[PDB]
Structures are given as C-alpha cells and as structure tokens.
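Text of protein_37.csv (CSV, C-alpha atoms and all ligand atoms) as supplied:
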```csv
chain,number,residue,atom,x,y,z
A,16,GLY,CA,119.6,35.7,109.4
A,17,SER,CA,120.8,32.6,107.5
A,18,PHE,CA,119.9,31.7,103.8
A,19,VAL,CA,117.3,29.3,105.2
A,20,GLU,CA,115.5,32.3,107.0
A,21,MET,CA,115.7,34.2,103.7
A,22,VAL,CA,113.7,31.6,101.7
A,23,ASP,CA,110.2,32.8,100.7
A,24,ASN,CA,110.9,36.4,101.7
A,25,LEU,CA,109.3,37.8,98.5
A,26,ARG,CA,105.6,38.3,97.5
A,27,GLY,CA,103.9,39.6,94.4
A,28,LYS,CA,103.5,38.8,90.6
A,29,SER,CA,105.2,39.5,87.3
A,30,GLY,CA,102.5,42.0,86.4
A,31,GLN,CA,102.8,44.3,89.5
A,32,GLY,CA,106.3,43.4,90.8
A,33,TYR,CA,107.9,41.3,93.5
A,34,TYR,CA,108.6,42.9,96.8
A,35,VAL,CA,110.6,42.4,100.0
A,36,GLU,CA,109.8,43.7,103.5
A,37,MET,CA,112.3,46.4,104.7
A,38,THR,CA,112.6,48.8,107.5
A,39,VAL,CA,113.7,52.5,107.2
A,40,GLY,CA,114.6,54.9,110.1
A,41,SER,CA,114.9,54.7,113.9
A,42,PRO,CA,112.6,53.6,115.3
A,43,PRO,CA,112.1,51.2,112.3
A,44,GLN,CA,109.3,51.9,109.9
A,45,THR,CA,108.1,48.8,108.0
A,46,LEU,CA,107.6,49.0,104.2
A,47,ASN,CA,107.1,46.6,101.3
A,48,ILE,CA,109.8,47.4,98.6
A,49,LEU,CA,109.9,46.3,94.9
A,50,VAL,CA,113.0,44.3,94.1
A,51,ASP,CA,114.3,46.1,90.9
A,52,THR,CA,117.4,44.9,89.1
A,53,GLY,CA,116.6,47.5,86.3
A,54,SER,CA,117.3,50.7,88.4
A,55,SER,CA,119.7,51.9,91.1
A,56,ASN,CA,117.9,54.2,93.5
A,57,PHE,CA,116.4,53.2,96.9
A,58,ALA,CA,113.2,55.4,96.5
A,59,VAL,CA,110.3,55.2,98.9
A,60,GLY,CA,106.8,56.9,99.1
A,61,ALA,CA,107.3,59.7,101.7
A,62,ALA,CA,103.9,61.5,101.4
A,63,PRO,CA,100.2,60.2,101.2
A,64,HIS,CA,99.0,58.8,97.9
A,65,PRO,CA,95.7,57.0,97.0
A,66,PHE,CA,97.6,53.8,96.1
A,67,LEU,CA,99.8,53.9,99.2
A,68,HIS,CA,98.9,51.9,102.4
A,69,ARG,CA,101.7,53.5,104.3
A,70,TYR,CA,104.8,55.8,103.7
A,71,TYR,CA,108.1,56.9,105.1
A,72,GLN,CA,107.8,59.7,107.8
A,73,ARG,CA,111.2,61.3,108.1
A,74,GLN,CA,110.1,63.5,111.0
A,75,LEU,CA,109.7,60.3,113.1
A,76,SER,CA,113.3,59.1,112.4
A,77,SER,CA,116.2,60.6,114.6
A,78,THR,CA,118.7,58.8,112.3
A,79,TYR,CA,117.5,60.6,109.2
A,80,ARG,CA,120.1,62.9,107.6
A,81,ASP,CA,118.9,65.4,105.0
A,82,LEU,CA,121.4,65.7,102.0
A,83,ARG,CA,119.8,69.0,100.9
A,84,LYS,CA,119.4,67.7,97.3
A,85,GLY,CA,116.4,67.2,95.0
A,86,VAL,CA,115.9,64.2,92.6
A,87,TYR,CA,113.6,64.5,89.6
A,88,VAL,CA,113.0,61.3,87.6
A,89,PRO,CA,110.9,61.8,84.4
A,90,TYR,CA,110.9,58.6,82.3
A,91,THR,CA,108.9,57.3,79.2
A,92,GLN,CA,106.1,55.7,81.3
A,93,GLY,CA,105.7,58.3,84.1
A,94,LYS,CA,107.7,60.1,86.8
A,95,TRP,CA,108.8,60.4,90.5
A,96,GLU,CA,110.4,63.3,92.3
A,97,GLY,CA,111.6,63.9,95.8
A,98,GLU,CA,114.6,64.6,98.0
A,99,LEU,CA,117.7,62.8,99.1
A,100,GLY,CA,118.8,61.8,102.6
A,101,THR,CA,120.4,58.9,104.4
A,102,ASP,CA,119.0,56.7,107.1
A,103,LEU,CA,119.3,53.3,108.8
A,104,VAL,CA,117.9,50.4,106.7
A,105,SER,CA,117.3,46.7,107.4
A,106,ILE,CA,115.7,43.7,105.7
A,107,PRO,CA,113.9,41.6,108.4
A,108,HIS,CA,114.0,38.4,106.3
A,109,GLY,CA,117.4,39.2,104.8
A,110,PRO,CA,120.9,39.4,106.3
A,111,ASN,CA,121.1,40.0,110.0
A,112,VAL,CA,122.5,43.6,109.6
A,113,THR,CA,121.5,47.3,109.6
A,114,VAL,CA,123.2,49.7,107.3
A,115,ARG,CA,123.1,53.5,106.6
A,116,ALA,CA,122.0,54.0,103.0
A,117,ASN,CA,120.9,56.7,100.6
A,118,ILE,CA,117.1,57.1,100.4
A,119,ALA,CA,115.1,59.1,97.9
A,120,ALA,CA,112.0,60.3,99.7
A,121,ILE,CA,109.3,60.4,96.9
A,122,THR,CA,107.1,63.4,97.5
A,123,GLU,CA,105.3,63.6,94.0
A,124,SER,CA,104.8,60.9,91.3
A,125,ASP,CA,102.9,60.1,88.1
A,126,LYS,CA,101.9,56.5,87.1
A,127,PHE,CA,104.7,55.1,89.4
A,128,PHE,CA,102.7,53.6,92.3
A,129,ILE,CA,100.3,50.8,91.3
A,130,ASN,CA,96.8,50.2,92.8
A,131,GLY,CA,96.9,47.0,94.9
A,132,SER,CA,100.6,46.2,94.2
A,133,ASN,CA,101.2,46.1,98.0
A,134,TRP,CA,104.6,48.0,97.7
A,135,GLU,CA,105.5,51.5,98.8
A,136,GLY,CA,109.0,51.9,97.3
A,137,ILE,CA,111.6,50.5,95.1
A,138,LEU,CA,115.0,48.8,95.8
A,139,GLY,CA,117.2,49.6,92.8
A,140,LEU,CA,119.8,46.8,92.7
A,141,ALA,CA,121.7,47.9,89.6
A,142,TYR,CA,124.9,49.9,89.5
A,143,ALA,CA,125.8,53.5,90.3
A,144,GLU,CA,126.2,54.5,86.6
A,145,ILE,CA,122.4,54.7,86.2
A,146,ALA,CA,121.6,56.1,89.7
A,147,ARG,CA,119.7,59.5,89.8
A,148,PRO,CA,120.6,62.4,89.9
A,149,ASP,CA,124.0,61.0,89.1
A,150,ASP,CA,126.6,58.2,89.7
A,151,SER,CA,127.9,59.8,93.0
A,152,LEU,CA,124.7,58.5,94.8
A,153,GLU,CA,125.8,55.2,96.2
A,154,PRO,CA,123.2,52.4,95.6
A,155,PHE,CA,121.9,50.3,98.5
A,156,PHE,CA,123.7,47.1,97.7
A,157,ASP,CA,127.1,48.9,97.4
A,158,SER,CA,126.5,50.4,100.9
A,159,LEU,CA,125.4,47.0,102.3
A,160,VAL,CA,128.6,45.4,101.0
A,161,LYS,CA,130.9,48.3,102.1
A,162,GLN,CA,129.4,48.3,105.6
A,163,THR,CA,129.1,44.6,106.4
A,164,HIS,CA,130.7,41.2,105.7
A,165,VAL,CA,127.9,40.3,103.3
A,166,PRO,CA,129.4,38.8,100.1
A,167,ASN,CA,128.9,40.9,96.9
A,168,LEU,CA,126.2,38.6,95.4
A,169,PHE,CA,122.5,38.2,95.5
A,170,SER,CA,120.1,35.7,93.9
A,171,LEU,CA,116.5,35.8,92.9
A,172,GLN,CA,113.9,33.0,92.7
A,173,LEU,CA,110.7,34.5,91.3
A,174,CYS,CA,107.8,32.2,91.5
A,175,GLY,CA,104.9,32.8,89.1
A,190,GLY,CA,106.0,34.6,96.0
A,191,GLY,CA,109.7,33.8,95.8
A,192,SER,CA,113.1,34.4,97.4
A,193,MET,CA,115.9,36.9,97.4
A,194,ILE,CA,119.0,35.4,98.9
A,195,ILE,CA,121.5,38.2,99.8
A,196,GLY,CA,125.1,37.2,100.0
A,197,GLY,CA,124.8,33.7,98.6
A,198,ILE,CA,123.3,30.8,96.6
A,199,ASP,CA,120.7,28.5,98.1
A,200,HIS,CA,121.0,25.0,96.5
A,201,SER,CA,117.3,24.1,97.5
A,202,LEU,CA,116.1,26.8,95.0
A,203,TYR,CA,117.3,25.1,91.8
A,204,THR,CA,118.0,21.9,90.1
A,205,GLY,CA,120.8,20.9,87.7
A,206,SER,CA,123.8,23.2,86.9
A,207,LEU,CA,124.2,27.0,87.1
A,208,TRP,CA,125.4,28.4,83.8
A,209,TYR,CA,127.0,31.9,83.8
A,210,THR,CA,126.8,34.7,81.3
A,211,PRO,CA,129.2,37.8,81.7
A,212,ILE,CA,127.9,41.2,82.9
A,213,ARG,CA,129.1,43.1,79.9
A,214,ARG,CA,129.2,46.5,81.7
A,215,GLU,CA,128.3,47.4,85.2
A,216,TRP,CA,125.3,49.9,84.7
A,217,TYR,CA,122.1,47.9,84.1
A,218,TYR,CA,122.8,44.2,84.5
A,219,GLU,CA,123.8,44.1,80.8
A,220,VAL,CA,124.2,40.7,79.1
A,221,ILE,CA,124.7,39.4,75.5
A,222,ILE,CA,122.2,37.2,73.6
A,223,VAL,CA,124.0,35.2,70.8
A,224,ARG,CA,121.1,33.3,69.2
A,225,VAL,CA,117.3,33.1,69.5
A,226,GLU,CA,115.3,30.0,68.4
A,227,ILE,CA,111.5,29.5,68.4
A,228,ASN,CA,110.5,25.8,68.5
A,229,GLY,CA,114.1,24.9,67.6
A,230,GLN,CA,114.1,27.2,64.5
A,231,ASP,CA,116.9,29.8,64.5
A,232,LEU,CA,115.7,33.4,63.8
A,233,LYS,CA,118.8,33.6,61.6
A,234,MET,CA,119.6,37.2,62.3
A,235,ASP,CA,123.0,38.8,62.9
A,236,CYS,CA,123.4,38.4,66.8
A,237,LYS,CA,124.0,42.2,67.2
A,238,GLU,CA,120.2,42.6,66.4
A,239,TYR,CA,119.4,40.7,69.6
A,240,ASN,CA,121.4,43.3,71.7
A,241,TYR,CA,120.3,46.5,69.9
A,242,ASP,CA,121.2,48.7,71.8
A,243,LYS,CA,121.7,46.7,75.0
A,244,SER,CA,120.2,43.5,76.6
A,245,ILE,CA,119.5,43.6,80.3
A,246,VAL,CA,118.1,41.4,83.1
A,247,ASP,CA,115.3,43.4,84.8
A,248,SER,CA,113.1,42.1,87.6
A,249,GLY,CA,111.3,45.5,87.5
A,250,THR,CA,109.9,44.9,83.9
A,251,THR,CA,107.0,42.4,83.4
A,252,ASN,CA,107.6,41.3,79.8
A,253,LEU,CA,110.3,39.8,77.6
A,254,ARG,CA,110.9,43.0,75.6
A,255,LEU,CA,112.6,42.7,72.2
A,256,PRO,CA,114.1,45.1,69.6
A,257,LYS,CA,111.5,45.8,66.8
A,258,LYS,CA,113.3,43.6,64.2
A,259,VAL,CA,113.6,40.6,66.7
A,260,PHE,CA,110.0,41.2,68.0
A,261,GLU,CA,108.5,41.0,64.5
A,262,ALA,CA,110.4,37.8,63.7
A,263,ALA,CA,109.4,36.2,67.0
A,264,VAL,CA,105.7,37.1,66.5
A,265,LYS,CA,105.9,35.7,62.9
A,266,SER,CA,107.3,32.4,64.3
A,267,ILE,CA,104.9,32.1,67.2
A,268,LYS,CA,101.9,32.8,65.0
A,269,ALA,CA,103.1,30.0,62.5
A,270,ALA,CA,103.5,27.4,65.3
A,271,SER,CA,100.1,28.4,66.9
A,272,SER,CA,98.2,28.7,63.5
A,273,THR,CA,95.5,26.2,64.5
A,274,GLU,CA,93.9,29.0,66.5
A,275,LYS,CA,93.7,32.6,65.3
A,276,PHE,CA,93.9,35.5,67.8
A,277,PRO,CA,93.1,39.2,67.3
A,278,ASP,CA,96.1,41.5,66.4
A,279,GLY,CA,95.5,43.3,69.8
A,280,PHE,CA,96.6,40.0,71.5
A,281,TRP,CA,100.0,40.0,69.6
A,282,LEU,CA,100.3,43.7,70.5
A,283,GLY,CA,100.2,42.7,74.2
A,284,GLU,CA,97.2,44.9,74.7
A,285,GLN,CA,94.2,42.4,74.5
A,286,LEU,CA,93.5,39.2,76.5
A,287,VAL,CA,93.0,35.7,75.0
A,288,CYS,CA,90.7,33.5,77.1
A,289,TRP,CA,89.9,29.8,77.2
A,290,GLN,CA,87.4,27.9,79.3
A,291,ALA,CA,89.1,27.3,82.8
A,292,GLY,CA,91.7,24.4,82.6
A,293,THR,CA,91.6,24.2,78.8
A,294,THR,CA,94.6,26.5,77.7
A,295,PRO,CA,96.1,24.7,74.7
A,296,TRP,CA,99.7,25.0,75.9
A,297,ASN,CA,100.9,22.4,73.2
A,298,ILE,CA,100.0,24.8,70.3
A,299,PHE,CA,102.5,27.4,71.5
A,300,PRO,CA,106.3,26.9,70.9
A,301,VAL,CA,109.2,27.0,73.2
A,302,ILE,CA,111.5,30.1,73.0
A,303,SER,CA,115.3,29.6,73.5
A,304,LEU,CA,117.5,32.5,74.3
A,305,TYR,CA,121.2,31.6,73.9
A,306,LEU,CA,123.4,33.7,76.3
A,307,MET,CA,127.1,34.4,75.8
A,308,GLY,CA,129.3,32.0,77.9
A,309,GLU,CA,132.3,32.7,80.1
A,310,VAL,CA,134.6,31.3,77.3
A,311,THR,CA,134.9,32.4,73.6
A,312,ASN,CA,132.2,31.3,71.2
A,313,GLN,CA,130.6,29.1,73.8
A,314,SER,CA,127.0,29.8,74.9
A,315,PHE,CA,124.2,28.1,76.9
A,316,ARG,CA,120.5,28.4,76.4
A,317,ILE,CA,117.5,29.3,78.6
A,318,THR,CA,114.3,27.7,77.3
A,319,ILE,CA,111.0,29.5,78.0
A,320,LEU,CA,107.6,27.8,77.7
A,321,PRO,CA,104.2,29.4,76.9
A,322,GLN,CA,103.5,29.1,80.6
A,323,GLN,CA,106.1,31.8,81.1
A,324,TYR,CA,105.3,34.1,78.0
A,325,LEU,CA,101.5,33.9,78.3
A,326,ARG,CA,100.8,35.9,81.5
A,327,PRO,CA,97.6,35.0,83.4
A,328,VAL,CA,95.5,38.0,84.3
A,329,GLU,CA,93.6,37.3,87.6
A,330,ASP,CA,90.1,38.8,87.4
A,331,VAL,CA,87.1,37.4,89.3
A,332,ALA,CA,84.8,38.8,86.6
A,333,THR,CA,86.5,36.7,83.9
A,334,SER,CA,87.0,33.6,86.2
A,335,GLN,CA,84.8,31.2,84.2
A,336,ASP,CA,87.9,31.3,81.9
A,337,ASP,CA,91.7,31.5,82.1
A,338,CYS,CA,92.7,34.8,80.4
A,339,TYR,CA,96.2,35.8,79.3
A,340,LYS,CA,98.2,38.7,78.0
A,341,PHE,CA,101.0,38.0,75.5
A,342,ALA,CA,104.0,38.9,77.7
A,343,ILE,CA,106.4,39.6,74.8
A,344,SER,CA,106.5,43.2,73.5
A,345,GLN,CA,108.4,45.6,71.3
A,346,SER,CA,111.2,47.7,72.7
A,347,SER,CA,113.0,50.7,71.3
A,348,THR,CA,115.6,50.6,74.2
A,349,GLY,CA,117.0,47.0,73.7
A,350,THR,CA,116.1,43.5,75.0
A,351,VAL,CA,114.7,43.3,78.5
A,352,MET,CA,114.6,39.9,80.1
A,353,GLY,CA,111.8,40.7,82.5
A,354,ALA,CA,110.0,38.9,85.3
A,355,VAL,CA,108.1,36.5,83.0
A,356,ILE,CA,111.6,35.2,81.8
A,357,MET,CA,113.1,35.2,85.4
A,358,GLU,CA,110.1,33.1,86.7
A,359,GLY,CA,111.4,30.0,84.9
A,360,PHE,CA,114.8,30.3,86.7
A,361,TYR,CA,117.1,30.8,89.7
A,362,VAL,CA,119.1,33.9,88.8
A,363,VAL,CA,122.4,34.6,90.5
A,364,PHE,CA,123.6,38.2,90.3
A,365,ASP,CA,127.3,37.5,91.0
A,366,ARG,CA,128.6,41.1,91.2
A,367,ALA,CA,131.9,39.8,92.8
A,368,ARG,CA,132.7,37.8,89.6
A,369,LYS,CA,130.9,40.2,87.1
A,370,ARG,CA,128.6,37.4,85.9
A,371,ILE,CA,124.9,36.3,86.0
A,372,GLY,CA,124.1,32.7,86.7
A,373,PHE,CA,120.9,30.8,85.5
A,374,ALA,CA,119.6,27.5,86.7
A,375,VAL,CA,116.2,25.7,86.4
A,376,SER,CA,114.0,27.0,89.2
A,377,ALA,CA,112.4,24.5,91.7
A,378,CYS,CA,109.2,26.6,91.3
A,379,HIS,CA,108.7,27.1,87.5
A,380,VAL,CA,105.4,26.4,85.8
A,381,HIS,CA,105.5,23.6,83.2
A,382,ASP,CA,103.5,20.5,82.1
A,383,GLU,CA,103.8,16.7,81.5
A,384,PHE,CA,105.4,17.3,78.0
A,385,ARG,CA,107.9,20.1,78.5
A,386,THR,CA,110.1,21.7,81.2
A,387,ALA,CA,112.0,25.1,81.1
A,388,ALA,CA,115.7,24.3,80.8
A,389,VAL,CA,119.2,25.8,81.3
A,390,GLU,CA,121.6,23.9,79.1
A,391,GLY,CA,124.9,23.9,77.3
A,392,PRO,CA,127.5,24.2,76.0
A,393,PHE,CA,126.9,25.4,72.4
A,394,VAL,CA,129.7,26.3,70.0
A,395,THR,CA,129.5,28.9,67.2
A,396,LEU,CA,132.7,29.0,65.1
A,399,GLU,CA,131.6,37.9,65.4
A,400,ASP,CA,131.0,40.1,68.5
A,401,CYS,CA,127.3,40.2,69.4
A,402,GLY,CA,127.5,43.5,71.4
A,403,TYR,CA,126.8,47.2,70.5
B,501,LIG,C1,107.7,43.4,87.3
B,501,LIG,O1,108.0,44.5,88.1
B,501,LIG,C2,107.2,45.6,87.9
B,501,LIG,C3,105.9,45.5,87.4
B,501,LIG,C4,105.1,46.7,87.3
B,501,LIG,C5,105.7,47.9,87.6
B,501,LIG,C6,107.0,48.0,88.1
B,501,LIG,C7,107.6,49.3,88.2
B,501,LIG,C8,107.0,50.4,88.8
B,501,LIG,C9,107.5,51.6,88.9
B,501,LIG,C10,108.8,51.9,88.3
B,501,LIG,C11,109.5,50.8,87.7
B,501,LIG,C12,110.8,51.0,87.1
B,501,LIG,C13,111.5,52.3,87.5
B,501,LIG,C14,112.4,52.4,88.6
B,501,LIG,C15,112.9,53.6,89.0
B,501,LIG,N1,112.8,54.7,88.3
B,501,LIG,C16,111.9,54.7,87.3
B,501,LIG,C17,111.3,53.5,86.8
B,501,LIG,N2,111.8,49.9,87.4
B,501,LIG,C18,112.1,49.4,86.2
B,501,LIG,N3,113.0,48.3,86.1
B,501,LIG,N4,111.5,49.9,85.1
B,501,LIG,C19,111.6,49.6,83.7
B,501,LIG,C20,111.1,50.8,82.9
B,501,LIG,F1,110.9,50.5,81.6
B,501,LIG,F2,112.2,51.7,83.0
B,501,LIG,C21,109.8,51.4,83.5
B,501,LIG,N5,109.9,51.7,84.9
B,501,LIG,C22,110.7,50.9,85.6
B,501,LIG,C23,108.9,49.6,87.7
B,501,LIG,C24,107.7,46.9,88.2
B,501,LIG,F3,108.9,46.9,88.7
```

Go through the file and emit its structure as structure tokens.
Ligand SMILES: COc1cccc(-c2cccc([C@@]3(c4ccncc4)N=C(N)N4CC(F)(F)CN=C43)c2)c1F
Amino acid sequence: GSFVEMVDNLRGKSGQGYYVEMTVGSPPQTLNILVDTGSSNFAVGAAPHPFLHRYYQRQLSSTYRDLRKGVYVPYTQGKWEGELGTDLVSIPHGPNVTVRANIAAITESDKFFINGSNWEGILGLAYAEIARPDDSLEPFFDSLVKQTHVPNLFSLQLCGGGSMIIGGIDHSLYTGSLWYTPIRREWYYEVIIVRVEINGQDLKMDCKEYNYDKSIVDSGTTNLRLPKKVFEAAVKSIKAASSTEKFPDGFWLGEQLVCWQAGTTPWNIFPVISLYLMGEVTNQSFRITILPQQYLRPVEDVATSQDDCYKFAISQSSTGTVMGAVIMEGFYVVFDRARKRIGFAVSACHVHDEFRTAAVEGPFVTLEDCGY
C-alpha cells in the first residue's frame, strides 16, 4: 500500500466530482466515494435510489454498530438525511490499513446524488467543527490518523482521473517547488487570498474583500466561486480582455454554454487569473496562475460534439471564495494537517498550451490583515 500503488486511484470530473474506491463493513462492500475537502461527514447511500448503482447494506455487516442517532442535513442546494453508526472501512488503493469509522447511512436525499457520477457516497475530509449533527462526530481522517501510523497529511492531484496520496507527498505528481499557505482555522480548509490579478492587472480591492466571509479549498465544488464584489470585477476584466468576441449574458452567469467548432477554441483571447495566497511569513505571498483551460469547463455531450462547448466556471458566491475543482486541476495540492498548511505546486497533469502554463510562484512582498 505504498504511494506508488496510490497513484491514479481517482476517477471523475470537475463537474460531477472526483471519487475513490472504498470498502465499508465486514465482509467488505465496495463503493465509489466522492473526495470532498469541503465537508466533514463520511456519508453513504444506504437505500435504493434511481441514481445509485449500489448502496451500503448494514444488515450484511457484522461489524456495524448502530449509534442510535439521526442526522438531517438541509443545505442551500438540497438535502440528505439518515442515521449514524460505525463500521470497518478501507481504501483498496490507499494505505494498507482498516479502521473503524463513523458512517452516516443516507436513507433519504434531495438533489444530492447525481445521475451518471459513478459515486454512492461522500468522504468529508475537512475538520470536526463542520461535521453534522455536531463537532463530536469524529471525521474519517481523524479516525484514520488516531488508529494507524498514517501521517496526518493527504495530497490531491486532480486531472481535468487523478490521485489522492494519503500520508504523504509523491514527487512524480508535480514539478518545481511546493509553496505553502496557512490553514487559517481548522473547520473548512480556510485560507487567505491577499491579491487577485487578471492578465497581470490588479483588481485593486482591499484584500478583505477576497475573503468575505471566508476563502476555502473545496474539491467538492466545481467552480471558482467569488464574493459578489470580486465576481463583478473579475467578469468586467475578463470581458475586457476577451472583447474581440461577444458572448450572451447567460454565459457570464455560468448558466449557458459557449461553443466553437471542434479544435478552434480561441484560448489566447482569454486572460490568466492569478490568486495570491498568504505565505507562511509576514507580508510574503505566492501566486497560483489559472489559465482559461481551467476556468472554461468543457461540457461533454455527444449531441454537441461537432463543437467544443464550455460553461464559464467562475460564479458568484454569498458564502465566501471557494477554490473548487477547476482551480485544483492546475495543481498538486497538499493538505498538510500536521503543520496546519496547504501546499500548492504545478501539477504534472494540468491542461495548457504552447504559449502559457499554469504556475505556482513567489515570493511577493506587500509592505493590513486580509481575514474576516
Ligand atoms: C466537484 O465535486 C462535486 C461536483 C458536483 C457535486 C458535488 C457534491 C454533491 C453532493 C454534495 C456536495 C457537497 C456536500 C457535502 C456534504 N453535505 C452537503 C453537501 N460537498 C461540498 N463540498 N459542497 C459544496 C456546497 F456548496 F456546500 C454544496 N454541496 C456540497 C457536493 C461535488 F462534490
């Protein structure tokens, strides 16, 4: 169960989520599980659903222990509800270990499961503070670390497949240096953005605006989501750089597709976006540079296949900045829980062209606090 055998253990897309194979119960029941850095429950479909290929059958597991406790999760987009228990869990292409972990058996849901996503549950990798029903429900990663000799770190290489390396950093997954940003508070993986540039032009906003009311790293969100003020400025700058072509407002609202004849996408008309992240030392930062190949999400559809069609994968948020899968796809992302920091390095799998490459670079000096 070495890091070598963990390489390429993920499947999926930014639009429907990346997933890892896991087993629950004794004898083991195989399930595909969404890798979610934006939540903290290990929750699995445990009853039939039209979108589910398979589900967790607790009656077949002798190791299952009922916690006699309900869990009701209504959220802005939909809902999931079920009941708590613990059982034996393993990751076949992860560490060579079996742990006893909390499991939320999902018995009812609304707009949670996705048709054709190929996953049956979610692995919430964030901290206990945001676990449901409350912070006393120990998340999976915490149990994994407590019960084994697995180091308190994991890394994700999302390839627009991919890899989740548990307990370490695999040098074959990235090039150049790893740059670290502090985890501001252990709840979501909260970070601080200190500057935003669009085609080298500073948005010139007070840096607190970029983190209103928090900024997080979330593999379970598709888009780069920005606070209203930031979002409007970003769209204004992107529209200006790309003014040689005019797209419908629906496109900019991330609702409507933009299509070009297959192979003709005019990547060069779209600017680079640089997010400057707080460094590990005062008033020092590094930047992660996103290309349009990251922020223009292809929508695979046989019916539109004479063309290449895309959704604008930047959208407005009322709950802070969300550095989603489209952002993570350019990079190798190290969730260094042990040192309370997140590392970024150029991914060996990011999509680019002969003119531009996604980058992770620094240091940058700014001679105020950027957090809320
Ligand atoms: C890119 O990854 C994804 C793409 C499409 C859907 C999901 C997905 C599906 C169900 C639930 C979630 C969930 C979620 C997980 C657990 N409980 C509720 C929601 N995971 C995350 N990170 N978010 C962000 C949100 F804005 F909150 C909306 N919902 C979520 C994500 C996904 F992770």

Review point. Would you name the residues within 7 Å of ligand LIG 501 (chain B), counting all atoms listed in the file, and put them as a PyMOL selection string?
Key: chain A and resi 29-33+49+51-54+56+88+90+92+94+127-128+137+139+247-251+353-354

So that each row is one residue of range 142-235 of chain A with an atom at most 8 Å from range 304-314 of chain A, can you give its shortest atom pair and the distance in Å to one decimal, using all atoms listed in the file, rows by chain and rising number, as JSON lines?
```
{"residue": "A:208", "atom": "CA", "partner": "A:308", "partner_atom": "CA", "distance": 7.9}
{"residue": "A:209", "atom": "CA", "partner": "A:308", "partner_atom": "CA", "distance": 6.3}
{"residue": "A:210", "atom": "CA", "partner": "A:308", "partner_atom": "CA", "distance": 5.0}
{"residue": "A:211", "atom": "CA", "partner": "A:309", "partner_atom": "CA", "distance": 6.2}
{"residue": "A:220", "atom": "CA", "partner": "A:306", "partner_atom": "CA", "distance": 7.6}
{"residue": "A:221", "atom": "CA", "partner": "A:307", "partner_atom": "CA", "distance": 5.6}
{"residue": "A:222", "atom": "CA", "partner": "A:306", "partner_atom": "CA", "distance": 4.6}
{"residue": "A:223", "atom": "CA", "partner": "A:305", "partner_atom": "CA", "distance": 5.5}
{"residue": "A:224", "atom": "CA", "partner": "A:305", "partner_atom": "CA", "distance": 5.0}
{"residue": "A:225", "atom": "CA", "partner": "A:304", "partner_atom": "CA", "distance": 4.8}
{"residue": "A:226", "atom": "CA", "partner": "A:304", "partner_atom": "CA", "distance": 6.8}
```

Review point. So how far away is CA of residue 366 in chain A from CA of residue 80 in chain A, in Å?
Key: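 CA of residue 366 in chain A lies 28.6 Å from CA of residue 80 in chain A.
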
Exercise for review: Could you give me, as a list in words, the residues within 9 Å of residue 244 in chain A, counting all atoms listed in the file and dropping anything in the same chain fewer than 3 positions from it?
Suggested key: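 With the cut-off at 9 Å, the set is residues 217, 218, 219, 220, 221, 222, 239, 240, 241, 255, 348, 349, 350, 351, 352 and 402 of chain A.
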
Revision key, fill the gap. Of A:136, A:166, A:191, A:43, the one sitting nearest residue 25 in chain A when using all atoms listed in the file is A:191

Review point. Between A:207, A:356, A:160, A:227, which has the minimum distance to residue 264 in chain A (counting all atoms listed in the file)?
Key: A:227

Check your understanding: Near residue 66 in chain A, counting all atoms listed in the file, which residues have an atom at most 8 Å away, once you skip same-chain residues fewer than 2 positions from it, shown as an MDAnalysis selection string?
Key -> chainID A and resid 64 68 128:131

Revision key, fill the gap. Using all atoms listed in the file, the residue out of A:338, A:46, A:37, A:202 with shortest distance to residue 173 in chain A is A:202

Review point. Which residues, protein or nucleic acid, reach to within 7 Å of (112.3, 41.1, 105.7) in the file's coordinates when using only C-alpha atoms, and can you give that as an MDAnalysis selection string?
Key: chainID A and resid 24 35:37 106:109

Exercise for review: Check the smallest atom-to-atom distance from each of A:363, A:39, A:389, A:119 to residue 315 in chain A using all atoms listed in the file, then report the winner.
Suggested key: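 So, comparing all the options, the nearest one is A:389.
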